[PDB]
Amino acid sequence: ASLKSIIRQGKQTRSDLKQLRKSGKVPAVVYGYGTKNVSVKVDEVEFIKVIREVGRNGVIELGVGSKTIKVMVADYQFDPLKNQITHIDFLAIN
Amino acid sequence: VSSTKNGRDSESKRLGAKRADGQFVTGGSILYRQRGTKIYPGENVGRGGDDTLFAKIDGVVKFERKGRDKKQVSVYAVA
Amino acid sequence: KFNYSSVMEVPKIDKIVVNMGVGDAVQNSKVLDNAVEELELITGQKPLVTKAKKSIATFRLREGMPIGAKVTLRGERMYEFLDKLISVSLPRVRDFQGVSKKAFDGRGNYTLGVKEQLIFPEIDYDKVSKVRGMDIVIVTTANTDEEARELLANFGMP
Amino acid sequence: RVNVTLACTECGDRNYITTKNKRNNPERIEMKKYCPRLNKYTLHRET
Amino acid sequence: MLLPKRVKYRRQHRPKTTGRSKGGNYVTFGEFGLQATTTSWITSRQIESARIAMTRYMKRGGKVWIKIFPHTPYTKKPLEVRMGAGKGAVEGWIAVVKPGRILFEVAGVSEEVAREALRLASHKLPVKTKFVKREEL
Amino acid sequence: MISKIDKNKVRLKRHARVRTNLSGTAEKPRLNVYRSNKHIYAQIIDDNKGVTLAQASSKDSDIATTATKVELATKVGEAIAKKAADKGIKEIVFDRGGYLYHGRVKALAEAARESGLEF
RNA sequence: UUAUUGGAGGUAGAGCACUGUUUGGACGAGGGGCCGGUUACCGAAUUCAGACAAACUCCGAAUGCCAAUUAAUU
RNA sequence: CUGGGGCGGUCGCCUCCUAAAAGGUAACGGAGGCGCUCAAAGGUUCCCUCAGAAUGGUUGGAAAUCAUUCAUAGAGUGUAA
RNA sequence: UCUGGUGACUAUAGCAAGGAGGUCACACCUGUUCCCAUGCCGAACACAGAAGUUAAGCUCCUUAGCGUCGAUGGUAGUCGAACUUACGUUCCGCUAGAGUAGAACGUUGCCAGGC
């Protein structure tokens, strides 16, 4: 399991988030052990791919900038209409 | 022939705050009208028979918390 | 089996409380006065009548109407009185067991019952027009219910 | 429940008016009040 | 049919219908359910009508849950009288559904039978619906 | 089980209820008292600043004797009287703590009264 | 009128801690099937999950309002 | 007065919601009260702390009374909110 | 530095659990003769003493078990603007409630005694 990420720069307005979601991209955040909070973005279909393979409770090799961080998916918001994930939280696991 | 049994109300009482936080007041100025004590009297502030809060000296008004979930008003002298 | 770390840590009987009972008097004010006299004759502490704490539905009761009486025997004289009374009533009871096996509410309560039988053992209440059941309660200054039963087992019948 | 008039024996005027329940208090009521002619408290009695 | 045993007030203001569904947006008791996609009132005659239609097609095989209850009374005047001499008398009980609210849930049958029974029930309701399954992922 | 209550903690409730309109103000400073099973302490306090100004007690080596205890209260009262007499021997207010004004605290207060203080 | 600063107040939204309404499932106490008890069934309590409110609230905005500054425009 | 008029209802005062987080705000809009009472149910100084739930126990209407623990006003506060 | 008295602070201070301490304090503790007192009980209050005890209250160390506090990111709602009559859409500011990471088994003033 290996997901790659991109760092979101400061202060996305709501139109930016809307365009971002109109792609296959998902806003997310990473926080926890040995790390400071970083706002990132992730592709939706690849995330579904790796989650269908590692399971709901599994470890991911998320790549953030130059680092790579073992991480676990803490929570996620989901739109019941439109059937699409809309936000994910990532938790560094030490 | 139908009618209603509801038709009545009482006149409104003009309760609530009467002076502002940070404003200068004179001796017996009314600061707050209420039923019961939603706000308690603090320093240099009295409480009337109808629970009215009023100043006892000249000074400036200060609303401020009392405990975890209570409030009070005070008046401080120099101004 | 005591194993007291210090003499200060030793379970002892805290106090004894005996209540006159219901004494519900619709027209038995004189009977209530007689029961007060009887309670005063039994133990050597001034008997204090009780009163209602609520208004029972479908009952001749309101807020007041002194239906009851309680006395608090905890002094050395009261302790000796209770001990001699228990020793005497043990003969007049005429029961093999004597007391229920599970009397404590877990905290160590006696909650013993009385049905006017051993009552007035000193002076036969031939003048009595009713029965005087009692409710003696013993206060255990001990946390463990089993240990409290074991302590009350000394000089006791259950 | 009626009105009553308390009267000062020496003052010579009736300057205290109060109320009473005739059923609970069929008697005439007395209390000492201040008379601003003697400059002191004196006993007042219902008429 | 379904109506509360007692309420504090018999004459209430009418609910707000704009917005999106506040809660109850997921299947939690069974395995299939009917999701609403438009907004309306459901009138407690429609609920019984749709439940009878849905429960007889399954031949008393599975279980049904109704995630909706009519809590609100609405009034109506007698036959077309003049305007305004007091509020009218109670006539029915309604529940307000907004897009995203699950309405029914079934379990204990095949996916095919569930699809058919929920389709049958959805034709008795004044709202557009959609067959959904218990979420995962 | 019978549970006996801590007596000192019950005292502080009564003391806080008493100590609502009674406060020291640097002209009338509060005279507090704390009694134990063996000793009696005293203190003059100005609540407006939260600072104390004088202090006396029975366990002090100055007043050391085997008076019953009430005479010890009398002498500590007369003692804090002079220590406050050094400055601002004027009106004060008496904070009886939570104790019933009787016996020992009463003796302390009467001693302080009959010795110059103006409460 | 705006910037900055301080304050009073319970709407939208949310939530179920109280007062009411409600759907499933447990747990046990009771009546109760029987021959007193099994089981059923029935009602009450505590729990787990999930819902509703103009006259519910553990929470709680955006705005609007009251003020004060050798502030800036008018 | 009045969703024409009549018939029916209503007319002064108090509390709540409508009322859109200051105050104010209508309809024959939605709910209730008042036309008093108290000689202490007023003043002051001292004390004190509940309902309820749980387990026991003669009478036990299940609960009256008694004992222990928990128990934030759920008690109580003359009279509506 | 320890203990005590007395203040200030929204429980980050509380409740629960485990473990240790005493003649320097404090408390349990002895008794009811006296001041005083208990609708009865020296239980409580009050007074008189120091025999015992750290058992308890209390004080110190451990734990995040319940309670309390609590971001970032996202979402709801909404001032203004622009389309529109859609149980609406778009842009721009402000920005919850719930939930997650996490904090937390108090901080501090004055006095006395002991150090």
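Note that these values count all heavy atoms, side chains included, but never hydrogens, waters or copies made by symmetry. Chain letters run A, B, ... following the sequence lines, proteins first, then strands; residues in each count from 1.
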Novice: So, does the side chain of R17(F) form a donor-acceptor pair with the base of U49(H) at under 3.5 Å?
Specialist: yes

Novice: Is the phosphate of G113(I), meaning OP1 or OP2, less than 4.0 Å from a side-chain N or O of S57(F)?
Specialist: no

Novice: Parallel, tilted or perpendicular for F69(E) and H71(E), by the 30°/60° rule?
Specialist: tilted

Novice: Between the base of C14(H) and the side chain of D9(B), is there a donor-acceptor distance below 3.5 Å?
Specialist: no

Novice: Is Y32(B) close enough to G9(G) that one of its side-chain N or O atoms is under 4.0 Å from OP1 or OP2 there?
Specialist: yes

Novice: Under 4.0 Å: is that the gap between some side-chain N or O of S3(F) and OP1 or OP2 of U69(H)?
Specialist: yes

Novice: At less than 4.0 Å, is any side-chain N or O atom of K5(B) found next to OP1 or OP2 of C28(H)? Yes or no.
Specialist: no

Novice: With sugar-phosphate meaning primed atoms plus P, OP1 and OP2, does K22(E) contact a base, only sugar-phosphate, or nothing at under 4.0 Å between heavy atoms?
Specialist: base

Novice: Counting distance alone, no hydrogens or angles: does the base of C87(I) have a donor or acceptor under 3.5 Å from a partner atom on the side chain of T17(E)?
Specialist: yes

Novice: May I ask you to verify whether the side chain of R14(A) and the base of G93(I) hold a donor-acceptor pair under 3.5 Å?
Specialist: yes

Novice: Stacking check: are the rings of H13(E) and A54(G) less than 5.5 Å apart at their centres and under 30 degrees in tilt?
Specialist: yes

Novice: Do we see a donor-acceptor contact under 3.5 Å between the side chains of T72(E) and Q12(E)?
Specialist: no

Novice: What nucleotide among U75(I), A46(I), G30(H) has an atom nearest to a side-chain atom of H102(F)?
Specialist: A46(I)

Novice: Does a side-chain N or O from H15(F) land closer than 4.0 Å to OP1 or OP2 of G7(I), or not?
Specialist: yes

